[PDB]
Amino acid sequence: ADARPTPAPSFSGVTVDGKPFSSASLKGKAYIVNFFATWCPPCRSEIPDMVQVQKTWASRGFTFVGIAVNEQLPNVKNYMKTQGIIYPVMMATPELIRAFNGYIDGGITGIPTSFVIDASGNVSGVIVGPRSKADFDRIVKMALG
């Protein structure tokens, strides 16, 4: 029997707040890539918990990365300001969507949909249901090893 890893994709770009982002920066780090929209109520419920979890783990080898789908730049930039989003967030591009589409049957068709990449660099799981603050905290602990 074999353990087939699922290497995370490479991706990069410019964030909504005008900063550089490269997945190269994430070598050896666990991270969760969150496809979201700020108008979507389950996203509005979960992103503040994500921001709190980011604060706990930012210097402990983990980060969220947000990719905003079905969105507009001024709306996402203002949500970042109002909610104090402190992890990288990019507007979706077709390339960013196709980078992750392959990990879920049907592709990404609901939001929020998030992908858990462990500190090994493998995609370990897909989140397509709500998660509590405490659930994200435990997921990060597990993903880090």
# chains A, B, ... in the order shown; residues from 1 in each chain; ligands from 1
>>> residues_around(residues="stretch 3-7 of chain A", least_positions_apart="3", cutoff="8 Å", atoms="only C-alpha atoms", output="PyMOL selection string")
chain A and resi 121-124
>>> write_last_selection(atoms="N, CA, C and O atoms", output="PDB file, in the first residue's frame")
ATOM      1  N   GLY A 121       3.963  20.365   2.725  1.00  0.00           N
ATOM      2  CA  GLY A 121       3.738  20.951   1.443  1.00  0.00           C
ATOM      3  C   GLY A 121       2.647  20.160   0.716  1.00  0.00           C
ATOM      4  O   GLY A 121       2.438  20.389  -0.445  1.00  0.00           O
ATOM      5  N   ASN A 122       1.906  19.323   1.396  1.00  0.00           N
ATOM      6  CA  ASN A 122       0.865  18.528   0.682  1.00  0.00           C
ATOM      7  C   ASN A 122      -0.518  19.113   0.961  1.00  0.00           C
ATOM      8  O   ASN A 122      -0.811  19.532   2.122  1.00  0.00           O
ATOM      9  N   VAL A 123      -1.415  19.022  -0.031  1.00  0.00           N
ATOM     10  CA  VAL A 123      -2.783  19.372   0.279  1.00  0.00           C
ATOM     11  C   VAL A 123      -3.447  18.197   0.984  1.00  0.00           C
ATOM     12  O   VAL A 123      -3.561  17.102   0.400  1.00  0.00           O
ATOM     13  N   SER A 124      -3.839  18.384   2.238  1.00  0.00           N
ATOM     14  CA  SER A 124      -4.303  17.296   3.103  1.00  0.00           C
ATOM     15  C   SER A 124      -5.801  17.205   3.128  1.00  0.00           C
ATOM     16  O   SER A 124      -6.381  16.142   3.369  1.00  0.00           O
TER      17      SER A 124
END
>>> residues_around(residues="stretch 66-79 of chain A", least_positions_apart="3", cutoff="10 Å", atoms="only C-alpha atoms", output="ChimeraX atom specification")
/A:15-18,32-40,44,47,63,82-85,87-94,96-97,111-112,114
>>> write_last_selection(atoms="N, CA and C atoms", output="compact mmCIF listing (two decimals), in the first residue's frame")
# COMPACT_ATOMS: atom_id res chain seq x y z
N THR A 15 -1.41 41.54 -3.89
CA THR A 15 -2.57 41.50 -3.00
C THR A 15 -3.45 42.73 -3.21
N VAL A 16 -4.71 42.64 -2.72
CA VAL A 16 -5.69 43.75 -2.84
C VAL A 16 -5.13 45.04 -2.23
N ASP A 17 -4.33 44.91 -1.18
CA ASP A 17 -3.69 46.10 -0.53
C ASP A 17 -2.34 46.38 -1.04
N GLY A 18 -2.02 45.86 -2.25
CA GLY A 18 -0.81 46.36 -2.96
C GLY A 18 0.46 45.83 -2.35
N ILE A 32 -3.64 27.76 4.92
CA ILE A 32 -5.02 27.42 4.45
C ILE A 32 -5.36 28.47 3.44
N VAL A 33 -5.75 28.02 2.22
CA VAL A 33 -6.11 28.96 1.13
C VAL A 33 -7.64 28.99 1.13
N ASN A 34 -8.20 30.18 1.33
CA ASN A 34 -9.66 30.39 1.57
C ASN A 34 -10.18 31.14 0.37
N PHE A 35 -11.04 30.46 -0.41
CA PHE A 35 -11.76 31.14 -1.53
C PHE A 35 -13.01 31.65 -0.92
N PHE A 36 -13.21 32.95 -1.03
CA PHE A 36 -14.31 33.61 -0.27
C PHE A 36 -14.88 34.81 -1.02
N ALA A 37 -16.07 35.33 -0.55
CA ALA A 37 -16.51 36.61 -0.98
C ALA A 37 -16.98 37.37 0.25
N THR A 38 -16.75 38.68 0.24
CA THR A 38 -17.10 39.45 1.47
C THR A 38 -18.63 39.63 1.55
N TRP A 39 -19.34 39.44 0.43
CA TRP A 39 -20.80 39.55 0.51
C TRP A 39 -21.48 38.30 1.01
N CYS A 40 -20.73 37.19 1.13
CA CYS A 40 -21.30 35.86 1.41
C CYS A 40 -21.43 35.64 2.92
N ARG A 44 -18.59 36.01 6.08
CA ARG A 44 -18.54 37.10 7.00
C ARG A 44 -18.53 36.59 8.42
N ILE A 47 -14.60 34.78 8.63
CA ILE A 47 -13.31 35.52 8.48
C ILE A 47 -12.83 36.17 9.79
N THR A 63 0.04 30.38 7.94
CA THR A 63 -0.73 31.61 7.53
C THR A 63 -1.99 31.20 6.77
N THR A 82 -12.03 47.11 7.53
CA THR A 82 -13.03 46.99 8.63
C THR A 82 -12.85 45.79 9.55
N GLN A 83 -12.40 44.67 9.00
CA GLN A 83 -12.21 43.45 9.76
C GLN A 83 -10.78 43.24 10.22
N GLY A 84 -9.92 44.13 9.79
CA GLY A 84 -8.49 44.01 10.11
C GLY A 84 -7.83 42.72 9.64
N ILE A 85 -8.05 42.42 8.37
CA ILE A 85 -7.51 41.20 7.82
C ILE A 85 -6.00 41.42 7.64
N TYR A 87 -3.75 38.79 6.91
CA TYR A 87 -3.07 37.77 6.07
C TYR A 87 -3.21 38.16 4.59
N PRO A 88 -2.44 37.59 3.69
CA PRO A 88 -2.49 38.03 2.29
C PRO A 88 -3.84 37.73 1.66
N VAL A 89 -4.34 38.69 0.93
CA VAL A 89 -5.56 38.46 0.13
C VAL A 89 -5.42 38.97 -1.26
N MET A 90 -5.75 38.13 -2.24
CA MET A 90 -5.63 38.47 -3.69
C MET A 90 -7.01 38.41 -4.32
N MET A 91 -7.25 39.26 -5.29
CA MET A 91 -8.45 39.03 -6.16
C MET A 91 -8.27 37.78 -6.98
N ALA A 92 -9.34 36.97 -7.13
CA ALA A 92 -9.16 35.77 -7.92
C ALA A 92 -8.84 36.12 -9.37
N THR A 93 -8.06 35.24 -9.96
CA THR A 93 -7.80 35.25 -11.39
C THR A 93 -8.13 33.83 -11.90
N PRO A 94 -8.37 33.68 -13.21
CA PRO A 94 -8.64 32.30 -13.63
C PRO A 94 -7.54 31.35 -13.32
N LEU A 96 -5.56 31.43 -10.64
CA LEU A 96 -5.55 31.09 -9.21
C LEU A 96 -6.64 30.07 -9.00
N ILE A 97 -7.78 30.21 -9.67
CA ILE A 97 -8.89 29.26 -9.48
C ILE A 97 -8.47 27.90 -10.05
N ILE A 111 -18.90 28.81 -1.91
CA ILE A 111 -18.02 29.51 -0.97
C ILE A 111 -18.61 29.57 0.39
N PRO A 112 -17.80 29.57 1.44
CA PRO A 112 -16.30 29.50 1.27
C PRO A 112 -15.83 28.07 1.00
N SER A 114 -12.08 26.04 1.27
CA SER A 114 -10.71 26.27 1.65
C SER A 114 -9.92 25.00 1.52
>>> residues_around(residues="residue A:11", least_positions_apart="2", cutoff="9 Å", atoms="only C-alpha atoms", output="compact mmCIF listing (two decimals) with N, CA, C and O atoms, in the first residue's frame")
# COMPACT_ATOMS: atom_id res chain seq x y z
N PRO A 9 0.06 23.55 -5.20
CA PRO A 9 0.46 24.28 -6.41
C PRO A 9 1.30 25.52 -6.11
O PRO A 9 1.33 26.01 -5.00
N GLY A 13 1.15 36.56 -6.79
CA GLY A 13 0.44 37.72 -7.37
C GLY A 13 0.61 38.97 -6.54
O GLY A 13 1.54 39.06 -5.75
N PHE A 21 2.87 38.80 -3.16
CA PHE A 21 2.71 37.50 -2.57
C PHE A 21 3.26 36.39 -3.45
O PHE A 21 2.97 36.33 -4.61
N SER A 22 4.08 35.52 -2.90
CA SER A 22 4.49 34.31 -3.61
C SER A 22 4.37 33.09 -2.69
O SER A 22 4.78 33.15 -1.54
N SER A 23 3.86 31.98 -3.23
CA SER A 23 3.76 30.71 -2.52
C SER A 23 5.15 30.20 -2.14
O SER A 23 5.27 29.44 -1.22
N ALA A 24 6.18 30.67 -2.85
CA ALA A 24 7.55 30.36 -2.44
C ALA A 24 7.86 30.76 -1.01
O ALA A 24 8.70 30.10 -0.34
N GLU A 95 -6.29 31.82 -13.34
CA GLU A 95 -5.16 31.00 -13.02
C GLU A 95 -5.16 30.53 -11.54
O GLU A 95 -4.80 29.40 -11.22
N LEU A 96 -5.56 31.43 -10.64
CA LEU A 96 -5.55 31.09 -9.21
C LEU A 96 -6.64 30.07 -9.00
O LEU A 96 -6.43 29.14 -8.21
N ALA A 99 -5.52 26.69 -10.29
CA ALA A 99 -4.49 26.11 -9.42
C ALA A 99 -5.04 25.13 -8.35
O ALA A 99 -4.35 24.15 -8.02
>>> closest_residue(among="A:28, A:61, A:20, A:130", to="residue A:43", atoms="only C-alpha atoms")
A:130
>>> closest_residue(among="A:29, A:60, A:55, A:81", to="residue A:116", atoms="only C-alpha atoms")
A:29
>>> select_by_dssp(residues="chain A", states="strand (DSSP E or B)", output="number ranges by chain")
A: 7, 12-14, 20-22, 30-36, 62-68, 89-91, 113-117, 122-127
